[PDB]
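>>> return atomic coordinates for the entry below.
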Amino acid sequence: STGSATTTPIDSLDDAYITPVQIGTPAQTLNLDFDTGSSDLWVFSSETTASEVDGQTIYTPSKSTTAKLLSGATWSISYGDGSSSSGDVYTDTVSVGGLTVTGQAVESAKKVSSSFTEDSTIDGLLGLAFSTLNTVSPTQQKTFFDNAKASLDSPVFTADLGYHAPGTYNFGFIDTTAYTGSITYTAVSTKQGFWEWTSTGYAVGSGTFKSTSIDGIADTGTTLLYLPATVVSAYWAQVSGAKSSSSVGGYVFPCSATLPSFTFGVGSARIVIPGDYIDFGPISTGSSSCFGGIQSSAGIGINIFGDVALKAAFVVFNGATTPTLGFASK
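Numbers count the residues shown, from 1 in each chain. The coordinates are given below.
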């Protein structure tokens with residue numbers, strides 16, 4: 001089997017991407033944030049505290065003939081940005097882009113934090129990291145990909161995120177028309193449950209490439225590119241007037257600037273992030289201070305190749321017995 005679904009930016013900044021997902025019978029279509037940095041499929045639901053729902057589409061398990069309470073199961077998750085959600089669990093039929101999994105754990109939110117309530121465009125998350133991170137207790141549950149894997153033509157999914165444009169998540173096949181040149185594969189460690197890999201270095205603009213190992217995670221659920229402070233300082237030093245602002249919460253730059261590209265290494269290959277991808281616009285409406293798309297990972301504890309980086313590439317998440325990641329230009 002295979003599946004193919006379009007993913008669409010939620011706003012003009014590509015803050016996140018939503019992908020339609022069919023849950024239950026008859027189908028209830030919810031727009032979910034596919035997140036390669038977590039491993040829970042959770043949804044706004046008829047069980048979500050009413051005051052914490054503001055415009056989201058909800059899953060109502062009582063209207064699905066295939067829903068079944070997973071008795072005694074609960075879940076609770078906290079994300080790196082400080083947001084959180086929790087609730088109970090149903091199993092139901094879930095389809096993504098024509099690919100159907102029966103018996104998928106669908107985690108129904110009883111509570112969500114403010115950040116989720118305030119984002120009307122995201123109806124939940126669909127985790128695509130390794131199932132060892134799944135938070136369901138007392139019986140840990142599998143991700144959609146893990147459940148689908150054995151039925152897939154090839155045990156892979158791909159992320160092809162657009163810059164200010166829709167893109168695609170494919171399951172079970174590599175679309176050889178979707179990228180240019182060749183795909184360079186690189187080793188993954190699953191020890192922390194993430195798609196964790198080591199970049200071979202970086203360049204700023206037209207500058208010379210610096211060979212240096214940068215361990216980090218491929219995370220579609222994180223907006224920005226978070227890298228070591230040394231690397232980030234070298235980048236922003238090439239933008240007149242750029243500075244790290246404690247008040248704003250990171251590097252800002254004059255909105256009048258033209259930003260240089262940023263290149264990262266994947267083995268001997270190079271992925272170039274155009275400067276425009278690094279512009280996240282005015283810090284507040286009407287400001288001439290703009291927020292940077294490359295920020296320090298110091299105090300996160302891990303480097304994160306978020307959307308800023310991933311959308312510059314066609315990315316293969318290879319879930320074979322020995323997992324790997326592939327990157328191609330596009």
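
>>> restricting to C-alpha, output stretch 145-157 in PDB.
Written as PDB, here are the backbone C-alpha positions of stretch 145-157 (Å, rounded to 0.1, in the frame of the first residue of the first chain):
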ATOM      1  CA  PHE A 145       3.700   4.900  10.600                       C
ATOM      2  CA  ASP A 146       4.700   1.900  12.800                       C
ATOM      3  CA  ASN A 147       1.200   0.400  12.400                       C
ATOM      4  CA  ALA A 148       1.200   1.000   8.600                       C
ATOM      5  CA  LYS A 149       4.800  -0.100   8.000                       C
ATOM      6  CA  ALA A 150       4.300  -3.800   7.300                       C
ATOM      7  CA  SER A 151       1.600  -3.000   4.700                       C
ATOM      8  CA  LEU A 152       3.700  -0.400   2.900                       C
ATOM      9  CA  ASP A 153       5.400  -1.100  -0.400                       C
ATOM     10  CA  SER A 154       8.600   0.200   1.200                       C
ATOM     11  CA  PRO A 155       9.000   1.100   4.900                       C
ATOM     12  CA  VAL A 156       9.400   4.800   4.400                       C
ATOM     13  CA  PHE A 157       7.700   8.100   4.500                       C
END
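
>>> check which residues of that stretch are buried.
145-149, 152, 155-157 (16 or more other CB atoms under 10 Å). Just so you know, the C-beta spots here come from the backbone N, C-alpha and C atoms, and that holds for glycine as well.

>>> so which of the residues you listed sit within strands?
Among the buried residues of stretch 145-157, the members found in strands (DSSP state E) are 156-157.

>>> what is the nearest of the buried residues of stretch 145-157 to residue 58?
Closest approach to residue 58 among the buried residues of stretch 145-157 (CB to CB): residue 147, at 22.8 Å.

>>> if you count neighbours, what's buried in whichever strand or helix holds residue 88?
Assigned by DSSP states H and E, residue 88 belongs to strand 84-96. By neighbour count with 16+ other CB under 10 Å, strand 84-96 contains the buried residues 85-96.

>>> roughly how far out does it sit from the chain middle?
18 Å (CA atoms, centre = their mean, to the nearest Å).

>>> so what strands line up beside that strand?
Applying DSSP bridges to the sheet, strand 84-96 is found paired with strand 17-23 (antiparallel), strand 68-78 (antiparallel), strand 99-112 (antiparallel).

>>> TSV for those, including mean neighbour count and distance to residue 255?
Below are the strands paired with strand 84-96 laid out as TSV (neighbours: other CB atoms under 10 Å; distance: least, CB to CB, whole Å):
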stretch	mean neighbour count	distance to residue 255
strand 17-23	22	25
strand 68-78	15	33
strand 99-112	21	33
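
>>> wait, doesn't residue 75 sit right on residue 89?
Yes: between residue 75 and residue 89 there is a contact under CB atoms under 8 Å: 6.2 Å.

>>> which SSE is immediately downstream of the longest helix belonging to the chain?
As assigned by DSSP state H, the longest helix anywhere in the chain is helix 229-236. Remark: after helix 229-236, the chain's next helix or strand is strand 243-245, criterion DSSP H and E.

>>> stretch 187-205: which residues count as buried?
Judged by neighbour count using 16+ other CB under 10 Å, the buried positions of stretch 187-205 are 188, 193-200, 202-204.

>>> right, I mislabeled it, should have said stretch 308-319
Buried-residue list, stretch 308-319, by 16+ other CB under 10 Å: 308-319.

>>> next, count neighbours for the residue lying closest to residue 24 once chain neighbours are set aside.
The shortest distance from residue 24 to any non-neighbouring residue, by CB to CB, 6 or more residues apart in numbering, is to residue 64 (3.1 Å). By other CB atoms under 10 Å, 19 other residues sit near residue 64.
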